[PDB]
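Comments concern the structure below.
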Amino acid sequence: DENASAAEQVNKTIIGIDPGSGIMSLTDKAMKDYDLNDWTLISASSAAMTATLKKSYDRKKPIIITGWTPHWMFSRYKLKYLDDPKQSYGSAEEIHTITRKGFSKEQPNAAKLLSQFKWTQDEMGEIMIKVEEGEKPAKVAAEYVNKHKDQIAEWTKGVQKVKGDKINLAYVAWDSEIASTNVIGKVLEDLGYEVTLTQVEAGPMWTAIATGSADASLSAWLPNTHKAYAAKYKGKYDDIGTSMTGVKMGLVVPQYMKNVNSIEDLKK
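So the number in PDB author numbering is just where the residue sits in the sequence shown, counting from 1, plus 4.
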């Protein structure tokens, strides 16, 4: 149709990720806030969303996805966030490092390391790009700790080596969190820790931390994205670090969709 709206072009459909993720919750809210209730949000997964993104992009087809930043797709593709004047996705979002309760006094050495873990979107991007191109996260992390010596010394500042202390990192298989988890896991490994990486859904990751079935996680997006999880387990986890600031999430489109610039444009 020559005069097709944005809505018409994508058939009132948004391509999402795993249904337990916060971005999906926030998108459910956005759709109510912007009176997009006749729209369909497709639950899927990180990998299905990016495969779908690839197919549409290479054909220059209209598509709207649940996107976030830090993510390699912004490097691979020319994408933009739809303006969110209602701030349905919130503001001032960060990635946090959380532990099971008591961990800081229980394992103060590892807690100090975890509290001092910080890095940038481009630094995480280094790992994520190499992982999507086919390298194993463990090997890419090993490259990173060797390449970035001065940073790793910052993280380990006043942190000591140990003799086999067990530690269990819960994580969710988002591209960003696979990168942060493996890089910190390697640093712990280099420090002498016996490291287990426990992959879980969103929901289960919070539950693991809140019950102490896992020790720590780098997968907390706060305060907006995992608002509901944090509220559910309010007194039952410690927030010991902020590994990244200025992170974002929302509805994302290719830049070739020139006339679609705000979530308000989807009302049409």
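We put the CB at the ideal spot given by N, CA and C, even for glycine.
Contact check, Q259 vs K65, beta carbons under 8 Å: 8 Å or more divides the Cβ of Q259 from the Cβ of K65.
8 Å contact criterion, which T70 and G20 should meet: CB distance rounded: So it is a contact: roughly 4 Å between Cβ atoms.
Euclidean distance between Cα positions of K153 and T160: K153 and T160 have their C-alpha atoms roughly 11 Å apart.
Of the residues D243, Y85 and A174, the one placed nearest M253, counting alpha carbons only: Just measuring C-alpha positions, the residue of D243, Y85 and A174 sitting nearest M253 is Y85.
Coil, strand or helix - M53 by DSSP: Secondary structure at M53: helix, using DSSP grouped into helix, strand and coil.
C-beta atoms of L222 and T101 nearer than 8 Å: Yes, they are a contact pair.
Those residues which DSSP pairs with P258 across a bridge: Answer is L83.
Counted within 10 angstroms of its Cβ, other Cβ atoms place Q91 as buried (16 or more) or exposed: Of the residues assessed, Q91 falls on the exposed side of the cut-off, its CB having fewer than 16 other CB atoms within 10 angstroms.
Residue(s) in a DSSP beta bridge with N113: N113 pairs with nothing; no bridge assigned.
Simplified DSSP state of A96, which is helix, strand or coil: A96: coil per DSSP, three-state reduction.
Collapsed DSSP secondary structure at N41 in the structure displayed: When DSSP states are grouped into helix, strand and coil, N41 belongs to the coil group.
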